[PDB]
Amino acid sequence: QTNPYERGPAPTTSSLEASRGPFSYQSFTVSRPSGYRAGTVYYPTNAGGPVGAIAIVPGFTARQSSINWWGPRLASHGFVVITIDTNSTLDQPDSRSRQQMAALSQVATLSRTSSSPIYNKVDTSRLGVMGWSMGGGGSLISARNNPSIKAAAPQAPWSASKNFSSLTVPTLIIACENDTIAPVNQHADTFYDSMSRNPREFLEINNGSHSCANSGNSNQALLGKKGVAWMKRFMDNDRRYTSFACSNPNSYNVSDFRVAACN
């Protein structure tokens, strides 16, 4: 069979490194956020069918601005994205996971609400999780707790829980070589090395500080290509993105690349 989740034309290096995919996007603020503080929903106006939904959580003391470049980037390729603010900026990773799932729950209900810009735009069975630092650990925790999640792509993850051996959710860990907040060999390395049952990839930005994948970063061409490709391959089962998702980028801006069980 045709894969009914395929959206957009065949990807290219340049179409993926571009700021924007083939779809127009708009956004709205969530009026009455349920179980988190605030949310901006990015969506394609014209994806040619329902698309999956991704919730993205900031790090400790941070807000939507740290992680919201992902909103337009992913929405323009055919995803509905919610970037959230947490109940408290001091929330820890387990709390962030709960709020991440709550945000996905509300994206889903809004997609079933006739009032909403995203009415009928979402396949609420196809969800992804992303986030920075403690929001990244929350994404791992979400994936651990809920194996039906299709994909995880946290960045510079921080988590006091170290054991993700149970993960079957395809996970791309974005890491920052010189991270002094969520040091790679105490966080990202440990998380990755615990995994064995899931498609997975480790993409570490050369000399990256803790904020190496945040809004305004100097590696959007590479990071955006990889994040979109991962979400396409695993959220849409879209085999046109296997090579993009699974390949070594062979970039000098990558200090360490690892991959396993990726086709």
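This deposited entry lists X-ray crystallography as its structure determination method and 1.491 Å as its resolution.

Under the PDB entry, the name given to the protein is PBS(A) depolymerase, and the organism recorded is Acidovorax delafieldii. In the PDB, the entry goes by the title "Crystal structure of cutinase AdCut from Acidovorax delafieldii (PBS depolymerase)". UniProt, in its Subcellular location (unreviewed entry) section for the protein, records the words "Secreted".

Pairing is mixed across the open sheet formed by nine strands, whose spatial order is 1-2-4-3-5-6-7-8-9. What marks the edges here is a single partner per strand, and that holds for strand 1 (25-29) and strand 9 (254-260). Strand-to-strand, the axes of this sheet are offset by a mean angle of 15°, without reference to chain direction. In this sheet, strand 4 (residues 80-85) lies alongside strand 2 (residues 38-44) in antiparallel orientation, the contact comprising five bridges.

A rise of 1.5 Å per residue sets the reference length of helix 4 (residues 93-111), with its 19 residues, at 27 Å; its end C-alpha atoms lie 27 Å apart and thus fit the reference within 8%. Counting buried residues in helix 4 gives 14 out of 19 residues, a clear majority hidden from the surface.

In this section: the pattern of salt bridges. Here the idea is simple: oppositely charged side chains can pair when their charged atoms come close. Across all of its chains, the model carries ten salt bridges by this definition. A single network of salt bridges, built from pairs that share partners, joins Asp123, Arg126, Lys232 and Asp236.

The next point concerns unusual backbone geometry. Positive phi is not limited to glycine here, since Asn207 has a value of about 55°. Phi angles above zero are rare outside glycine, and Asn250 is one such case at about 40°. Structurally, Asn250 can be placed in the loop between helix 8 (242-246) and strand 9.

Next up on the list: the packing of aromatic side chains. Applying the stated criterion across every chain, the model contains five aromatic pairs. Looking at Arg126, its charged tip hangs above the ring of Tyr5, at a distance of 4.0 Å from the centre. Just above the ring of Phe202 sits the side chain of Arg258; from NZ or CZ to the centre is 3.7 Å.

Parameters at a glance
- Residues numbered from 1 in each chain as written, not as in the entry; some residues may be left out.
- Heavy atoms only, no water.
- UniProt positions renumbered as here; feature names shortened; annotations may be inferred.
- Pairing = 2+ DSSP bridges.
- Helix = DSSP H or I, 4+ residues; strand = E, 2+ residues; numbered from the N terminus.
- Axes fitted to C-alpha atoms, helices over the stretch in contact; angles between N-to-C directions.
- Expected span 1.5 Å × (residues − 1).
- Buried < 20%, exposed > 50% of the residue type's maximum accessible area, 1.4 Å probe, protein only.
- Salt bridge = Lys/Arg side-chain N within 4 Å of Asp/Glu carboxyl O.
- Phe/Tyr/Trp six-rings, centres within 6.5 Å; stacked < 30°, edge-to-face > 60°.
- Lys NZ or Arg CZ within 6 Å of the ring centre and 35° of its normal.

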